[PDB]
Amino acid sequence: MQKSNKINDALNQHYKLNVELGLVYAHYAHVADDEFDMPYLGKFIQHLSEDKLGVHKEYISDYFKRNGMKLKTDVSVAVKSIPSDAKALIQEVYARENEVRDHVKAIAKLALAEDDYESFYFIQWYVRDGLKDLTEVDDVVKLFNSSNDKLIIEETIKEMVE
Amino acid sequence: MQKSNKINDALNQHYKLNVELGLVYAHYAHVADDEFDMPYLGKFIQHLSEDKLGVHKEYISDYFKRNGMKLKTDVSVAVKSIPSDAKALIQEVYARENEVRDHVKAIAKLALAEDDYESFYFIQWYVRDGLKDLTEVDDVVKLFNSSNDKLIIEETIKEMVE
Amino acid sequence: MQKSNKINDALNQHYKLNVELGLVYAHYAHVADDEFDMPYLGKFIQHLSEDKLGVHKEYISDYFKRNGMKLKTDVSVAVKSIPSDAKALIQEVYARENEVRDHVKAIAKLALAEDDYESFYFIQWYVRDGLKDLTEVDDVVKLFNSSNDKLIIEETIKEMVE
Amino acid sequence: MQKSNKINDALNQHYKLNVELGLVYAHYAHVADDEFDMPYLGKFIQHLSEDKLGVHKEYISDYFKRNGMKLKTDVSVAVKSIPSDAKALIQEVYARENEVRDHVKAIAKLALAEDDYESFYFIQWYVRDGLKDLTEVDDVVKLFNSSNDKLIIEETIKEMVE
Amino acid sequence: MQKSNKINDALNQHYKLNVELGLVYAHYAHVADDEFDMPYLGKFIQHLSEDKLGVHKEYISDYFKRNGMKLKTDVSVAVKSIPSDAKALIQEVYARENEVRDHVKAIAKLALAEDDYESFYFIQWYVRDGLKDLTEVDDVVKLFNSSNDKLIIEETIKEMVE
Amino acid sequence: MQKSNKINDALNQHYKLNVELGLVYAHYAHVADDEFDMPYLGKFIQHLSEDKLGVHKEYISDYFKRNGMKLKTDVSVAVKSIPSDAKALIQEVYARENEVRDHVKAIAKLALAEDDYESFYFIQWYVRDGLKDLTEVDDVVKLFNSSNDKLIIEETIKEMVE
Amino acid sequence: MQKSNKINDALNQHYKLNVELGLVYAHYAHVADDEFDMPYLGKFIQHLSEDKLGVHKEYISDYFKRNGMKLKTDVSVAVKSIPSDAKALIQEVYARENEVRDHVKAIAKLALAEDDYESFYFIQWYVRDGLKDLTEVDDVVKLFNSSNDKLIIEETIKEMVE
Ligand SMILES: [Fe+3]
Ligand SMILES: [Fe+3]
Ligand SMILES: [Fe+3]
Ligand SMILES: [Fe+3]
Ligand SMILES: [Fe+3]
Ligand SMILES: [Fe+3]
Ligand SMILES: [Fe+3]
Ligand SMILES: [Fe+3]
Ligand SMILES: [Fe+3]
Ligand SMILES: [Fe+3]
Ligand SMILES: [Fe+3]
Ligand SMILES: [Fe+3]
Ligand SMILES: [Fe+3]
Ligand SMILES: [Fe+3]
Ligand SMILES: [Fe+3]
Ligand SMILES: [Fe+3]
Ligand SMILES: [Fe+3]
Ligand SMILES: [Fe+3]
Ligand SMILES: [Fe+3]
Ligand SMILES: [Fe+3]
Ligand SMILES: [Fe+3]
Ligand SMILES: [Fe+3]
Ligand SMILES: [Fe+3]
Ligand SMILES: [Fe+3]
Ligand SMILES: [Fe+3]
Ligand SMILES: [Fe+3]
Ligand SMILES: [Fe+3]
Ligand SMILES: [Fe+3]
Ligand SMILES: [Fe+3]
Ligand SMILES: [Fe+3]
Ligand SMILES: [Fe+3]
Ligand SMILES: [Fe+3]
Ligand SMILES: [Fe+3]
Ligand SMILES: [Fe+3]
Ligand SMILES: [Fe+3]
Ligand SMILES: [Fe+3]
Ligand SMILES: [Fe+3]
Ligand SMILES: [Fe+3]
Ligand SMILES: [Fe+3]
Ligand SMILES: [Fe+3]
Ligand SMILES: [Fe+3]
Ligand SMILES: [Fe+3]
Ligand SMILES: [Fe+3]
Ligand SMILES: [Fe+3]
Ligand SMILES: [Fe+3]
Ligand SMILES: [Fe+3]
Ligand SMILES: [Fe+3]
Ligand SMILES: [Fe+3]
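Residues numbered from 1 in each chain as written, not as in the entry; some residues may be left out. Chains lettered and ligands numbered in written order. Part of a larger assembly, values for the part shown. Heavy atoms only, no water.

- What the entry reports as its method is X-ray crystallography, with 2.502 Å given for the resolution.

- Per the PDB entry, chain A goes by Ferritin and derives from Ureaplasma diversum.
- Listed as the entry title in the PDB record is "Ferritin from Ureaplasma diversum soaking in Fe2+ solution for 10 min".

See the structure below:
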């Protein structure tokens, strides 16, 4: 029956987070290619950008249509400083994906507290994807600690963003 | 040789405009489906959203990589009121696409003033797409003035967003 | 280990509800076609009837075989008045599907209370299908509020029950 | 021309009989598998259940649409005791199918008495299927009198419900 | 964020249980074939052995890599007495699979207590497989109570471990 | 004719050695991936684990069925310290495979001493595989002495564990 | 109508520039392979040589045939010193491609000044190719600043001049 307002707000914020994250990553992808001369790192980060700005926000929008929750569009993001090198750039992406896992955990917890079993279900996809996206990112961070050669690292990323 | 700062700013603003427009349309697509019961109108507007948030912003980002212009990410958009009915919604989309045509005209004009023939070229795509997107939108507005039946109109949009 | 009697009763009632619902819809499908001259509405409602009388009851019966819960067959249903028009008919179907969502929510809640994680799992399918069936039904109700032409509406349903 | 009320009532009862029979068999199929460890016997009886709850009731509903007879849905069935073993279970199914043959004979006889040659025709399908379903059932009963080995019997049923 | 130590220990024990179970079943498969002259029973039990020693332990190992839980390898198992006949052998396997269902239930319960929604998800696979493996095993136990002929039973198992 | 007890014991120990080795390697594969960031090294070592826990133990179990030797399952293995780096890890694996070659040599020697020409034959497979597995391992050890770049080494292992 | 002499001279010089550039690059390709042991760098530079000596000069020659401009062949080029290493070699190629962009910009500017809209069109291809060729070259220069290993760099160029 009736929609939970708490869940509605929590999913609107997550909508907001995926929009703004995806806009940050689109900038980070540009810089990976341009300043840092790592176009495959940039193609890995652009695919993560399109992920956040696509299905991560689409599923919420579609879910709201089915249960009567209200969509809210309030976006504010400015990319004001860039990490100093490619390593720090991908470590930054990592840190935001770890925060994704913490936010979706709060939403699952709330859904059980509300007895919103439809929302707990809806969020199970995000529960899993939080770890998948974090793992894929972690697989790139590891590269910068396994070789000091930008072109070696780039050649390895190629086989990941194929 | 040297990048024109005026063109750099003008293309950063157009980047900003396409991001924010595409975020507005993604909301407008939701409402077309949800409140107004017109899922094909919503699929037409979601495709326009993905257009603005995809190649419209990607081409600028890629162009900047080739000539040395600096990418700027500063986004601010809140969807605070929605048009009252489907007709007004698509008329609103129309009005923004007409403003797109005026903004790209300013950029072409500036590129000639700067003797930036690479930028005049780059913008020729946007020159044409301004009219194409406006025409496609206009083809939907016309529908609301040609029949008073939501389901008739919807069935016609289907053959456009195929 | 040991089967929860509470869950056994709750799933027997849901078995009962799907049988009786599916028998009501089979009658409602007939009337949609016969009295109301809407054979596609009738084919939409007959497919929902076969859904409830098929996998909705089969999954419970099969689940009981695996865990030792006892099947109970006690059916009582009489279709004693019919809604006055096609709109009211599909609105009636809607109202019962909304009650399905409330009943499956009670079963998920109980399964957690009982620490019956096998039953919480089994019910996740019903958790999702409650919203899917309700959405599909809602997509038909919307039609009667979007056009006053029976044949227009019928032509739209055709593309849903394909 | 005008519909015979006697035939209308006789076909409504047969509708009722097929619904309730099919609900009994769905329970009997469960028990064949669960208690009696004979899943192929259970698959034979589930197919007979779906037969009664499908085309046996659908043909009447569809026939009524063509001639103006009124559909009646009044169902009452409770499965309150189960036969003691698989043999007795299939003998029970047999006895109900023999009663099907007697009921359809009454309807053919009445249709001639009423000079309802459309209804005599419609019922010819049921005239034949009464003997076919009874024969298929009889082919399973014979198995329990031809071998004392549950797994031998099961392996034979497999080639019937293929 | 931070890994739950309780969950880490509970999943290490389950790792241990699947290793040792799979080593017991590999022995039980040998005996089913050798002493008891039932090679298909032995092929059913060898497939269950490879299941426990494969994906049942691999998924935990892979999950630990993604979240930072520590893998522990401490194995101790000796097969010191064998059941007296094939029936008792498969009943023994049954009893261990029923204990699997109880252990995974404890892990799901703990994951909710810890608000480890990633671990509750990870375990949902084990929640379902506990019942699937138990059912498949139960389907073999039933055979020894449905016929007194070893070769009849063997021929039936063949169609299960195909 | 009669089974040699000495050979029976020697093959039971080799059974034990392959089980426990394969359990150690499954842990070593995890660590290669997790701690050392070398997933292809980990995939090489996991394939060696599955080799030891599969056909290396299966062939003995199957051989015992044919000649009447008794299978013994007594397993004890705990992984209590891990080598400090990837190089030392693969050197450790090497050292155990060299001990495999010494153990199978003892079994061939004993089989001739016993005039067990069936067992000498059975062991010829292990005679050859001792050198093959050792060579494949040696091909990985050589990598750590041929380049100081983890990602270079990883890319080479990829073409071996294809 | 009448051909612009200014445009005729400007396009004859560009003809001259592409001939002489392409002859320089053919020498630079030889040296990349021979002295510097980088055959893929040499294959990248030979393809750029054939580009300048092919379509870059052919399009002008063909354009002159259509509008009545006079072809002039006056070539003077001697390769008298070579850059000291592969890096400096590709940086040299870069610097000449940047001068190409400046020369074609002068021709576009002149064509507008002359109201030679056919020549402005003809040159739009060169406007774009100036940036494309420069970008491809820049993608090779970046390699020498991303790794100190000639064979690593060579392996990367391979995937560009495929
Ligand atoms: Fe609120
Ligand atoms: Fe992806
Ligand atoms: Fe909405
Ligand atoms: Fe960098
Ligand atoms: Fe609660
Ligand atoms: Fe994702
Ligand atoms: Fe390489
Ligand atoms: Fe400026
Ligand atoms: Fe388009
Ligand atoms: Fe840039
Ligand atoms: Fe509207
Ligand atoms: Fe000018
Ligand atoms: Fe567009
Ligand atoms: Fe139409
Ligand atoms: Fe009770
Ligand atoms: Fe369906
Ligand atoms: Fe049962
Ligand atoms: Fe009506
Ligand atoms: Fe609890
Ligand atoms: Fe359903
Ligand atoms: Fe139409
Ligand atoms: Fe009457
Ligand atoms: Fe049939
Ligand atoms: Fe009727
Ligand atoms: Fe029985
Ligand atoms: Fe008569
Ligand atoms: Fe039948
Ligand atoms: Fe047979
Ligand atoms: Fe601890
Ligand atoms: Fe399996
Ligand atoms: Fe680990
Ligand atoms: Fe036995
Ligand atoms: Fe809690
Ligand atoms: Fe399993
Ligand atoms: Fe047989
Ligand atoms: Fe001995
Ligand atoms: Fe191998
Ligand atoms: Fe044996
Ligand atoms: Fe290491
Ligand atoms: Fe001898
Ligand atoms: Fe081997
Ligand atoms: Fe390579
Ligand atoms: Fe002149
Ligand atoms: Fe080219
Ligand atoms: Fe000429
Ligand atoms: Fe060099
Ligand atoms: Fe002019
Ligand atoms: Fe070119």
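## A closer look at the packing of helix 1 (residues 5-34) of chain B against helix 3 (residues 55-67) of chain B
Residues and elements named next belong to chain B.
- Where helix 1 meets helix 3, the axes come as close as 9 Å, and the angle between the chain directions of the two elements is 150°. Between helix 1 and helix 3, the interaxial angle falls into the category roughly antiparallel. Note on packing geometry: the crossing formed by helix 1 with helix 3 is left-handed. Residues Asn8, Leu11, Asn12, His14, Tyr15, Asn18 and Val19 of helix 1 form the contact with helix 3, whose own contacting residues are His56, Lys57, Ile60, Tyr63 and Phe64.
- Broken down by class, the residue content of the contact of helix 1 with helix 3 amounts to six nonpolar, five polar and one charged. (Axes fitted to C-alpha atoms, helices over the stretch in contact; angles between N-to-C directions. Helix = DSSP H or I, 4+ residues; strand = E, 2+ residues; numbered from the N terminus. Parallel < 35°, antiparallel > 145°, perpendicular 65-115°, else oblique. Left-handed = near helix turned anticlockwise from the far one by under 90°. Contact = heavy atoms within 4.5 Å. Nonpolar A, V, L, I, M, F, W, Y, C, P; charged D, E, K, R; others polar.)

## A look at the coordination of the iron ion (ligand 31)
Residue and element names in this part refer to chain F.
- Around the iron ion (ligand 31), the donor atoms from the protein are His30 (NE2) and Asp34 (OD), and they sit 1.8 to 2.3 Å away. Of this pair, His30 and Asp34 both sit in helix 1 (residues 5-34), four residues apart, which is roughly one turn of that helix. Taken as a pair, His30 and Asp34 share a single burial class, namely buried. (Donors = N, O, S within 2.8 Å, 3.2 Å for Na, K, Ca; no water. Buried < 20%, exposed > 50% of the residue type's maximum accessible area, 1.4 Å probe, protein only.)

## Notes on the side chain of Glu20(C)
Residues and elements named next belong to chain C.
- The topology assignment puts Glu20 in helix 1 (residues 5-34).
- Judged by relative accessible area, which is 13%, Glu20 ranks as buried.
- Among residues more than four places away in sequence, those in contact with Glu20 are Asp74, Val75, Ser76 and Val77.

## So, the relation of the copies chain B and chain A
- It takes a turn of 180° to lay chain B on chain A, together with a shift of 0.0 Å along the axis; the resulting RMSD is 0.0 Å. Such a combination of rotation and displacement between the chain copies is what one expects of a two-fold axis. It is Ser76(B) whose C-alpha, among those of chain B, lies nearest the rotation axis, at 2.4 Å.
- Of the interface residues in chain B, 100% have counterparts in chain A that sit at the interface too, so the contact is made through matching surfaces. (Least-squares fit on C-alpha atoms.)

## Quick notes on the packing of aromatic side chains
- This structure, assessed with the given rule, holds 36 aromatic pairs over all chains.
- The interplanar angle of 5° and the centroid separation of 4.2 Å between the aromatic rings of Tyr63(B) and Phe122(B) together place this pair among those described as stacked. Taken as a pair, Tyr63(B) in helix 3 and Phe122(B) in helix 5 (residues 117-144) lie far apart in primary sequence, 59 residues in all.
- A relative accessible area of 3% places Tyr63(B) in the buried class.
- Here a set of aromatic residues connected by ring pairs shows up, and it is made of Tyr117(A), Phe120(A), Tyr117(C), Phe120(C), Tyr117(E) and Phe120(E). (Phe/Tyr/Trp six-rings, centres within 6.5 Å; stacked < 30°, edge-to-face > 60°.)

## With respect to the environment of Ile153(E)
All names here are of chain E.
- Structurally, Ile153 is set in helix 6 (residues 150-158).
- Look at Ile153 and you get buried, because its relative accessible area is 2%.
- A sequence separation of 13 residues divides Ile153 from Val140, and the C-alpha atoms of the two residues are 8.6 Å apart.

## Regarding the relation of the copies chain E and chain A
- The transformation that overlays chain E on chain A combines an axial shift of 0.0 Å with a rotation of 120°, and the residual RMSD is 0.0 Å. The transformation just described matches what one would write down for a three-fold rotation axis. Minimal C-alpha separation from the rotation axis in chain E is found for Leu112(E), amounting to 5.6 Å.

## Quick notes on the interface of chain E and chain A
- If you look at the interface, chain E gives nine residues, while chain A gives 12 residues.
- Taken together, both faces of the contact between chain E and chain A bury some 1200 Å²; the carbon and sulfur share is 61%.
- Along the contact surface separating chain E from chain A lie two salt bridges.
- On the surface where chain E and chain A come into contact, there are three residue pairs in polar contact.
- For the side of chain E that touches chain A, the secondary-structure elements that each account for two or more residues are helix 3 (55-67) and helix 5 (117-144) of chain E.
- The element contributing the most residues to the side of chain E that touches chain A is helix 5 of chain E, with four residues.
- Looking at side-chain class alone, the side of chain E that touches chain A contains six nonpolar, no polar and three charged residues. (Buried area = accessible area lost by both parts, 1.4 Å probe. Salt bridge = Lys/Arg side-chain N within 4 Å of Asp/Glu carboxyl O. Polar contact = N/O pair within 3.5 Å; in protein donor to acceptor, adjacent residues only side chain to side chain.)

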